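Summary of structural features
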Amino acid sequence: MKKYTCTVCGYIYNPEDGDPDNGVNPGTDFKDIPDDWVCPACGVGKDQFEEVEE
Ligand SMILES: [Fe+2]
């Protein structure tokens, strides 16, 4: 799974860690995160994130 970054603030979503305090368990691919989740650092929608190509 690839990491995704919030293109508004720079936060990085790492699938190995998830975002558990907001219901995203470690091991969740970004596309499977429920679509109403927002960036935990600035609050913008998932549509402002982009795949980080390794
Ligand atoms: Fe953000």
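Residues numbered from 1 in each chain as written, not as in the entry; some residues may be left out. Heavy atoms only, no water.

Method-wise, the PDB entry is recorded as coming from X-ray crystallography, at a reported resolution of 1.43 Å.

Side note on the environment of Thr 7
Relative to the elements of secondary structure, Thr 7 occurs in the loop between strand 1 (4-6) and strand 2 (12-13). Along the chain, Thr 7 and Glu 50 lie 43 residues apart, while their C-alpha atoms are 6.7 Å from each other. Beyond its immediate chain neighbours, meaning those up to four positions away, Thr 7 contacts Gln 48, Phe 49 and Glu 50. Of the polar contacts made by the side chain of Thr 7, one reaches the backbone oxygen of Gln 48; its length is 2.6 Å. (Helix = DSSP H or I, 4+ residues; strand = E, 2+ residues; numbered from the N terminus. Contact = heavy atoms within 4.5 Å. Polar contact = N/O pair within 3.5 Å; in protein donor to acceptor, adjacent residues only side chain to side chain.)

Section: the coordination of the iron ion
Four donors placed tetrahedrally about a metal ideally form angles of 109.5 degrees, and six donors placed octahedrally ideally form angles of 90 or 180 degrees. For the iron ion, every protein donor is listed as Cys 6 (SG), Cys 9 (SG), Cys 39 (SG) and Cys 42 (SG), and the spread of their distances is 2.3 to 2.4 Å. Taken together, the four donor atoms coordinating the iron ion span angles of 106 to 112° at the metal, a pattern that classifies the geometry as tetrahedral. Coordination of the iron ion draws on donor residues from a single chain, spaced C-x2-C-x29-C-x2-C in sequence. For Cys 9, a relative accessible area of 38% gives the class partly exposed. (Donors = N, O, S within 2.8 Å, 3.2 Å for Na, K, Ca; no water. Tetrahedral: all angles 85-135°; square planar, octahedral: opposite > 155°, others 65-115°. Buried < 20%, exposed > 50% of the residue type's maximum accessible area, 1.4 Å probe, protein only.)

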